[PDB]
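Take a look at the structure set out below.
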Amino acid sequence: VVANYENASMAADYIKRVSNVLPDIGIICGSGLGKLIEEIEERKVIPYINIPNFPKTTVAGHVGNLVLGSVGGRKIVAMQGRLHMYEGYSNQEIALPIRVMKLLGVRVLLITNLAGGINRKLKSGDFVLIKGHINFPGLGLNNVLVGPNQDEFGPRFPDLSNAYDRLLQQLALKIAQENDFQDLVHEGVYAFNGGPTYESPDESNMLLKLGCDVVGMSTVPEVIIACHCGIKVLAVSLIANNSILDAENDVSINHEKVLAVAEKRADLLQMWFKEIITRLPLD
Amino acid sequence: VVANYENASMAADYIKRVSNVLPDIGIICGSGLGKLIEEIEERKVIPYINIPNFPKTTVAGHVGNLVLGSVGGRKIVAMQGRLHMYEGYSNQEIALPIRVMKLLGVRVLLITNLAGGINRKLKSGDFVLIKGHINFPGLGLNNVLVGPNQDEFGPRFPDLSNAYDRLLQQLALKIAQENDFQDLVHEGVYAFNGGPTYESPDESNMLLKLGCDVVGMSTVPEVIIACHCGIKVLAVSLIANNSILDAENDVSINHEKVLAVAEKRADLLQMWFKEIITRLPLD
Amino acid sequence: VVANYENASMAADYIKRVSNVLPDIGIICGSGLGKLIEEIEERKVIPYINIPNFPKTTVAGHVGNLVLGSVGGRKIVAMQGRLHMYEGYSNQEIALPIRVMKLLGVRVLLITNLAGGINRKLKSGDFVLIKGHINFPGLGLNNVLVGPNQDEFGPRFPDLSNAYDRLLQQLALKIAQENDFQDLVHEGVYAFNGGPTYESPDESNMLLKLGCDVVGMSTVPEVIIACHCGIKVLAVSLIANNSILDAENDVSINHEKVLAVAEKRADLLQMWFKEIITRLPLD
Ligand SMILES: Nc1ccn([C@@H]2O[C@H](CO)[C@@H](O)[C@H]2O)c(=O)n1
Ligand SMILES: Nc1ccn([C@@H]2O[C@H](CO)[C@@H](O)[C@H]2O)c(=O)n1
Ligand SMILES: Nc1ccn([C@@H]2O[C@H](CO)[C@@H](O)[C@H]2O)c(=O)n1
């Protein structure tokens, strides 16, 4: 199913008729970082499988819902259960939910992920406000926009110079200073590793020489689709580990360790993004 | 449709029977740089859609013709309307037109493109004679030759050490010196960004550290197919902007600016390539 | 055909019923390096085309057998005729033979390949014990594990920190010292170039700046599938040429030169791996 104007309108048509919510903000949350979706007030849970033209996720299994309601006085829509391209989802399957957000009226998309640290300043449990990226799939002919362009959403050749909104980064840092956890907050450049294998020790060393601060398996596809159709983005990485240190010490990585870091910071991040949503200037 | 010996012979069979032209030179021209195709003498325009086994381009739309005739006393064939891989065309769809050029008797292929400047010496409106490339899709398993090899056209493992003919670069520079615009002409290494998003500021910074002078979304696939079947290549980039400077100054890129640079240099480039065609030693 | 638990069990079911061999070691040999497969004692040759669910190789042609028998008192299984991803084989087609090895009881996989030298210390005819890799397809969303995970074989997110067994590298070096050819043996990092074009001169120069010692078109996919399902790996590159030197001197590469180097070292490598198999501690 192509992520075109007609198909995306058919999904939005069904969603408007079931929720009666016109969302202003969209959110996509990382592994173990979805507690905020459970506190959405006056919420309506819509399974992906019930929405026309939404991608099939029964092979991968696990949760897949669209949740609408209120947070901090603002109306929001949330993807519960993330679509990652290492699962095999196509360019069209990634793009359609974001373009449906657009047709519903979303103007700001907030994103969290788990990622590995490259910069020597990054420790486990730190946060990184993303100010740019290095898109290795995009350079290698696997950009999420490869294919015919859907002119109703954006141009054929998008410029990504301002994909990460400066004002949103400044607002997120300001709130961290008000609650005195700014010592955990950095900024940096995110490298998109297709996955699903973690970055190898020598791949980590190469990324250090290329000026990457952080590496992960998600986020960049959603950022490009949002920037294509004029949605502003804030993206925050939670550092699971420092891969450069782990290479020097021959320390392994695994998803259980990653989830444990997510649990250590889940409540702080939920408090953080709730204040961001409340203070957001909508554009 | 596979770009094999039989299918390519069937397209050449139809073209010979309609044009009565045996071309020696092939040309592929960049965006806004196609004026020379309009001055082809005793010309025959053959729409792609009429040629057996030629790829379907109705989804992307816009022009798609094969034009044959004379330039500077030489017989040439031109692709009017370029096939870019960010549109979604497959390896077989890119390869077939070049191999048809081979079966018609083409021995030299001339190429122009628009590209972003990385080297600090490059300014908007400059030209770069390409002497090598960095093929990020090729490294990432998206090489244009991925698939079964068509032995009638070339070997399984091609060497690209001499894909860009030294003598052609020297001839192109010589003509620029005769008309006193050699101050616009550089040489450098071309990085293949799959597209269709422009190179991000941090991607541009990485390319600077890797010794890339220029980055663009085309050309490398055609160069490899030509080198595979023994066709000599000259490739010239027109610099739309300096992406390293634009990152320092937070200046955006867009296709309208790119086309405006193409218009500023279109007539000079047409004059330049017409003299190249006229003086070419055919091999 | 998906490389899942059921399909792989059906291939192993057929193989057990035809060979009556329970192999402990698997081997995959590079171009021109397959002489050891001819000395397998009490051997049973099983064509790929006769094994249920094995990938179709009639388009590429050439040999495709599974060979079982004894070497050095140990029971082994060998792939005769390698599956390379530049031929167009899918992720599932690469993975199934290795997972069938797993279900037959393989605990150690030994691999040889031909590759180009980047490190200035490497000369034609040298050997490189691989201690890590840089997986350019994997970074670019063409990782061999892209797709749904097959939970019966391994986890969704594998760690590759110890994909190349330290003890096996130490054993291979020890045997080279016992026979006084340790002056030919190095260790280094392997870069995976998707192929099938050889690394370009400027691509070679980039790899030097990134800390790659060796570049080739194979091996990394098999290493990842083996590490996924808990099989230990030793991988050795035979250096066909030094691509950095060849760029400085404008010297070409071709498959005939590569095969000639393979013939120069074939008997030494066969003797080397036969002793490795004999001395292997099985785990
Ligand atoms: N180094 C890492 C570590 C974690 N992750 C993210 O967390 C999950 C896998 O641990 C996956 O959801 C993955 O996106 C990552 O991408 N890269
Ligand atoms: N930085 C740039 C700038 C331009 N281009 C080429 O020009 C058109 C898009 O502007 C496209 O046709 C594209 O090939 C490019 O590839 N890279
Ligand atoms: N520079 C090189 C040289 C050789 N090879 C390997 O050898 C065969 C092609 O020569 C192919 O089988 C290929 O794997 C390579 O991968 N890279």
Side-chain angles (χ1 to χ4, degrees), chain A residues 1-19 21-29 37 44-68 76-111 135 137-138 142-156 158 163 192 194 217-233 235, chain B residues 59 86-88 196-197, chain C residues 141 146-148:
Chain A
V1 166
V2 180
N4 59 15
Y5 186 53
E6 172 177 11
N7 291 333
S9 291
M10 190 165 167
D13 205 282
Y14 173 87
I15 296 166
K16 286 184 267 182
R17 214 161 50 210
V18 174
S19 63
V21 173
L22 291 164
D24 288 315
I25 303 169
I27 62 174
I28 300 171
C29 311
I37 306 190
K44 189 69 172 67
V45 185
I46 305 180
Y48 290 164
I49 197 175
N50 291 340
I51 306 172
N53 303 297
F54 254 56
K56 166 174 288 181
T57 70
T58 66
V59 172
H62 299 277
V63 69
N65 294 314
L66 213 69
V67 186
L68 296 99
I76 76 132
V77 53
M79 299 186 67
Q80 188 177 47
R82 200 164 173 173
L83 304 169
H84 294 115
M85 302 204 69
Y86 58 70
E87 282 288 335
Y89 297 112
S90 77
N91 287 0
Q92 305 302 319
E93 289 178 311
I94 298 300
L96 181 117
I98 309 301
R99 287 169 176 169
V100 168
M101 279 186 185
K102 175 71 181 188
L103 294 188
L104 292 177
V106 166
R107 304 216 287 276
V108 175
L109 172 66
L110 312 172
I111 308 178
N135 182 11
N142 277 336
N143 191 292
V144 73
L145 282 175
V146 164
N149 185 70
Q150 306 298 332
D151 301 328
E152 294 87 347
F153 288 105
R156 166 83 280 188
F192 180 19
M217 304 177 193
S218 72
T219 301
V220 168
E222 295 90 333
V223 169
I224 289 180
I225 298 299
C227 181
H228 183 252
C229 65
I231 291 175
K232 298 180 176 192
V233 174
Chain B
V59 172
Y86 58 70
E87 282 288 335
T197 60
Chain C
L141 257 178
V146 164

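Lettering follows sequence order; numbering is per chain, from 1.
Atom CE of residue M85(A) and atom OG of residue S90(A) lie 7.0 Å apart, to the nearest 0.5 angstrom. Rounding to the nearest 0.5 Å places CD of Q92(A) at 6.5 Å from CD of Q150(A). Note: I51(A) CD1 to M10(A) CE = 12.5 Å, rounded to the nearest 0.5 Å.
Ring-plane geometry between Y5(A) and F153(A) is classed as perpendicular, the angle between the planes exceeding 60 degrees on a 0 to 90 degree scale with a lower cut at 30.
Residues in residues 86-110 of chain A take part in these salt bridge (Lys or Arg N to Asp or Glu O under 4.0 Å) pairs, two or more places apart or across chains: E87(A)-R156(C).
Judged by distance alone, the side chain of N7(A) and the main-chain N or O of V2(A) form a donor-acceptor pair under 3.5 Å. Of the possible polar contacts, one joining the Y48(A) side chain to the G81(A) backbone as a donor-acceptor pair under 3.5 Å is found. In this structure, the side chain of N91(A) engages the main chain of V146(A) through a donor-acceptor pair within 3.5 Å.
Applying the ring-ring contact (aromatic ring centres under 6.0 Å, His included) test to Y86(A) and every residue at least two apart in sequence or in another chain returns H84(A), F157(C). Under the side-chain hydrogen bond (donor to acceptor under 3.5 Å, both in side chains) criterion, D13(A) pairs with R17(A), sequence neighbours left out.
Between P155(A) and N149(A), the closest side-chain pair of non-hydrogen atoms is not below 4.5 Å. The closest side-chain heavy-atom distance from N50(A) to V18(A) is not below 4.5 Å. Looking only at side-chain heavy atoms (C-beta outward), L109(A) and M101(A) come within less than 4.5 Å of each other. Residues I224(A) and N135(A) meet the side-chain proximity criterion, which asks for heavy atoms closer than 4.5 Å. Between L66(A) and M79(A), some side-chain heavy-atom pair lies under the 4.5 Å cut-off.
Of all heavy-atom pairs between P52(A) and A11(A), the closest is O-CB, 3.3 Å. Between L103(A) and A12(A), the shortest heavy-atom contact is CB-CB, 4.2 Å.
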